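Protein chains in written order, with the entry's author numbering: chain G, 559 to 565, 581 to 605, 623 to 657, 659 to 679, 685 to 710; chain F, 510 to 539, 550 to 579, 600 to 615, 623 to 655, 663 to 802, 814 to 845; chain Y, 608 to 615, 623 to 655; chain U, 762 to 766, 768 to 819, 840 to 862; chain S, 509 to 558. Before any comments, here is the structure.
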Amino acid sequence: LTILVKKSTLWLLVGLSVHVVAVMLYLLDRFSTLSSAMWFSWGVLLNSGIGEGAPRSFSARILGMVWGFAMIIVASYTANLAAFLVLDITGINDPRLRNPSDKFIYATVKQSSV
Amino acid sequence: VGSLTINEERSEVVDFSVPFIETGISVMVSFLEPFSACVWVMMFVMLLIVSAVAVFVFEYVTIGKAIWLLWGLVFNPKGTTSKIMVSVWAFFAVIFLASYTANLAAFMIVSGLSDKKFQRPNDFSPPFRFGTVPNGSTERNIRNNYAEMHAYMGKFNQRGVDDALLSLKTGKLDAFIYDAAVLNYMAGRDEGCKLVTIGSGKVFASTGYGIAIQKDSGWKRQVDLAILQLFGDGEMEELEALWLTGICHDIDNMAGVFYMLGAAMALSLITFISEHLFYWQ
Amino acid sequence: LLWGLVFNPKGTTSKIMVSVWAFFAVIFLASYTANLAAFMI
Amino acid sequence: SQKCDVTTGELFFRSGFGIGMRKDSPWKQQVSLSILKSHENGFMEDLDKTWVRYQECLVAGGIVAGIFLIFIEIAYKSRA
Amino acid sequence: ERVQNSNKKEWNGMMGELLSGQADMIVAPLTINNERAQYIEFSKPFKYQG
Numbered sequence: 559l560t561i562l563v564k565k581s582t583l584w585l586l587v588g589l590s591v592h593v594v595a596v597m598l599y600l601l602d603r604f605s623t624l625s626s627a628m629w630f631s632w633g634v635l636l637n638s639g640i641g642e643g644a645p646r647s648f649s650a651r652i653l654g655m656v657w659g660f661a662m663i664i665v666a667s668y669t670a671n672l673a674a675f676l677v678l679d685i686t687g688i689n690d691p692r693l694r695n696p697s698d699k700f701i702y703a704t705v706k707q708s709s710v
Numbered sequence: 510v511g512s513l514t515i516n517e518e519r520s521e522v523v524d525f526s527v528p529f530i531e532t533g534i535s536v537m538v539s550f551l552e553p554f555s556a557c558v559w560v561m562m563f564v565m566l567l568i569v570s571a572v573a574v575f576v577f578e579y600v601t602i603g604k605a606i607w608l609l610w611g612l613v614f615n623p624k625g626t627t628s629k630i631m632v633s634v635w636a637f638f639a640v641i642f643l644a645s646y647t648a649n650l651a652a653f654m655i663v664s665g666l667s668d669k670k671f672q673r674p675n676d677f678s679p680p681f682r683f684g685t686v687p688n689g690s691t692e693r694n695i696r697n698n699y700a701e702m703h704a705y706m707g708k709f710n711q712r713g714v715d716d717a718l719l720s721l722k723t724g725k726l727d728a729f730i731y732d733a734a735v736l737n738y739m740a741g742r743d744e745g746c747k748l749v750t751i752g753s754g755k756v757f758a759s760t761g762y763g764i765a766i767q768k769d770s771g772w773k774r775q776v777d778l779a780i781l782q783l784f785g786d787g788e789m790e791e792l793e794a795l796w797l798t799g800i801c802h814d815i816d817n818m819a820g821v822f823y824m825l826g827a828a829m830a831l832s833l834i835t836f837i838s839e840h841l842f843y844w845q
Numbered sequence: 608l609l610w611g612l613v614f615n623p624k625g626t627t628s629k630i631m632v633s634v635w636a637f638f639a640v641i642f643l644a645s646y647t648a649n650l651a652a653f654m655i
Numbered sequence: 762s763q764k765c766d768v769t770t771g772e773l774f775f776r777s778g779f780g781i782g783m784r785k786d787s788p789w790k791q792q793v794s795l796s797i798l799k800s801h802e803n804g805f806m807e808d809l810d811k812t813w814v815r816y817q818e819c840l841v842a843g844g845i846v847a848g849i850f851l852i853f854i855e856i857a858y859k860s861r862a
Numbered sequence: 509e510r511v512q513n514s515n516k517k518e519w520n521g522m523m524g525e526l527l528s529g530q531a532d533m534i535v536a537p538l539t540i541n542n543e544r545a546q547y548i549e550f551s552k553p554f555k556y557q558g
């Protein structure tokens, strides 16, 4: 006997971070190509040493080193795809059968031995 | 023969000679940085090693381009041996990134409320919404023991058990104080898995279940021996195998990254202030 | 350069296209790594 | 919980915690009443906190290959 | 344990002592069985384990 059954807010904040980083760094550089500062910081956010030119101020190169921010956000969305993606009743047992309900429907063939 | 929660006064009134089924009283209510640094310290040691060695191989755009290129090894000349060093430590970079992605994928796989919320008089963040039954020993015990909670609880009286079940189920009520073992059978009764309080195994009483007989008769010693035998025969385990069956049996890491971002930001700001000072020397 | 988009000028809009389809490339590589990890079970 | 070396499975047989004494000790009524009072006045919970609160429980080879290869290329470029 | 001598099943230890009247009170972790309870008096247990 067997039973047959029928078969978002992160992007805006990091964009504000890109914008604030670019304007603050090149204002500090001009005190002691801002469209290009936007495009440079945007391209190195996108895991790409963009263009050909490093900033001649070494401090902005150090800040490009510490902003490993593209790598850690790569790590976070790979953890998300490890979590959001793939990661995740026998008739002998209880769950819906020994204490059943009408949402689980039962039938046999009438005038038979079962 | 109806199973009763044994207090002093039921033992005062009648005779108890039964090994009881124990129970108590409850209330129905409705990280990747040990892994970086252990790799990161050997990584920075290796960084100092390879920077010193790559300076040594070109005893022949220099002092700052080198360590930038070492950081760009992970962040994907004319000395051919320098390109060999780039090749080997880039293989090191990709194997370390693969092992760390495997490590983060490996990571990818309320009991003390009785005083601070309920015994604590007159305040919680919502107002008090408790549940009674207008009989039973639980009401009497909280009456003679926690009379503040008794006064706060008796504001909302319930006409049985299922009225409180549907009020907690609709969220109209927040608390319903009852004998806990009936709620443990209710753990094997509800299917929606909005189920049962704390589940720590700790009930906030220690009483039992059994039979009341007449005091000072010629009585029923053999029934006590027989029920202890049926206990020892595992027939209680048979009985729960009959009836007691069951059904249901971020933000902080992002802010913790952003706080270290702000700390490195302040470090770079005071570094720039010092470098702005350093033409005055 | 289109094949080097997956395999990690002066027209700024061309670099905009590079950035958008490089985002496309890395999200497709991430979904395919998730697909082979689904096959790995 | 104290010694960190683990229990397995559930409670395989329900068991209690009894006392032993001689027969005809009629003060056991008030003894069981004081048992229920310790259960009532939370003295069992005082013992519960006071005792159950104690729960407690390649690089070097590449380096020498490089120190070979530097003299290899020294010889190759001094000859060519 | 059953005594190997003729037809005796005798308690030992604390229970053999209280059986022999060598105790007014025995306090111990006691899962009191039928054979314990058929000889003695005892107040109610208070801790329930498994």
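Note that CB positions come from ideal geometry on N, CA and C, so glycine has one too.
With distances taken Cα to Cα, identify the nearest neighbour of residue i among the options.
i	options	result
residue 760 of chain F	U:774, U:787, U:762 and U:794	U:794
residue 643 of chain Y	G:664, G:669, G:640 and G:595	G:669
residue 645 of chain G	G:661, G:637 and G:603	G:603
residue 611 of chain Y	G:596, G:582, G:638 and G:700	G:638
residue 722 of chain F	F:520, F:539, F:713 and F:515	F:539
residue 634 of chain Y	Y:654, Y:609, Y:645 and Y:650	Y:609
residue 600 of chain F	F:569, F:568 and F:623	F:623
residue 604 of chain F	G:659, G:694 and G:643	G:643
residue 833 of chain F	G:661, G:629 and G:653	G:653
residue 499 of chain F	F:733, F:668, F:713 and F:688	Any answer about residue 499 of chain F is impossible in this case: the structure gives chain F only from 510 up to 845.
residue 688 of chain F	F:665, F:712 and F:672	F:712
What are the start and end residues of the alpha helix (DSSP H) that includes residue i?
i	result
residue 796 of chain U	790–800
residue 782 of chain F	775–785
residue 552 of chain F	Looking at the DSSP string, residue 552 of chain F is not in any alpha helix (DSSP H), and its letter there is neither H nor E.
residue 628 of chain F	626–653
residue 609 of chain F	604–613
residue 543 of chain S	542–545
residue 788 of chain F	788–795
residue 819 of chain F	816–841
residue 813 of chain U	805–814
Which class does residue i belong to by DSSP, given the choice of helix, strand or coil?
i	result
residue 732 of chain F	strand
residue 525 of chain F	strand
residue 766 of chain F	strand
residue 518 of chain S	coil
residue 682 of chain F	coil
residue 557 of chain S	strand
residue 510 of chain S	strand
residue 590 of chain G	helix
residue 818 of chain U	coil
Within 10 Å of its beta-carbon, does residue i have 16 or more other beta-carbons around it, so buried, or fewer, so exposed?
i	result
residue 564 of chain F	exposed
residue 802 of chain F	exposed
residue 849 of chain U	exposed
residue 588 of chain G	exposed
residue 548 of chain S	buried
residue 817 of chain F	exposed
residue 846 of chain U	exposed
residue 770 of chain F	exposed
residue 781 of chain U	buried
residue 753 of chain F	exposed
List, in chain order, every chain F residue whose beta-carbon is nearer than 7 Å to that of residue i.
i	result
residue 852 of chain U	576 and 627
residue 776 of chain U	789
Find the residues of chain U that neighbour residue i, judging by a C-beta separation of less than 8 Å, and give them in chain order.
i	result
residue 549 of chain S	783, 784, 785, 786, 787 and 790
residue 758 of chain F	801
residue 520 of chain F	791, 794, 795 and 798
Taking Cβ-Cβ distances shorter than 8 Å, what residues in chain F pair up with residue i?
i	result
residue 848 of chain U	572, 576, 627, 630 and 631
In chain Y, which residues lie less than 8 Å from residue i when you measure between Cβ atoms?
i	result
residue 677 of chain G	648, 651, 652 and 655
residue 636 of chain G	633, 636 and 637
Mind checking which residues open and close the beta strand (DSSP E) that includes residue i?
i	result
residue 538 of chain S	533–538
residue 782 of chain U	780–783
residue 534 of chain F	534–537
Name the chain G residues whose beta carbon is nearer than 7 Å to that of residue i?
i	result
residue 610 of chain F	655
residue 828 of chain F	656
List the residues of chain Y whose Cβ lies closer than 7 Å to the Cβ of residue i, in chain order.
i	result
residue 672 of chain G	644 and 648
Find the residues of chain S that neighbour residue i, judging by a C-beta separation of less than 9 Å, and give them in chain order.
i	result
residue 785 of chain F	541 and 542
residue 778 of chain F	542, 545 and 546
Determine the chain Y residues that contact residue i at a beta-carbon separation under 9 Å, and present them in chain order.
i	result
residue 633 of chain G	629, 632 and 633
Which bits of chain G does residue i rub up against, with CB to CB less than 9 Å?
i	result
residue 639 of chain Y	The contacting residues do not exist; residue 639 of chain Y stays about 10 Å from chain G at best.
Could you name the residues of chain F that residue i contacts, counting a contact when the two beta carbons are closer than 9 Å?
i	result
residue 690 of chain G	798, 799 and 800
Along chain S, in chain order, which residues have C-beta atoms closer than 7 Å to that of residue i?
i	result
residue 782 of chain F	542
residue 531 of chain F	556
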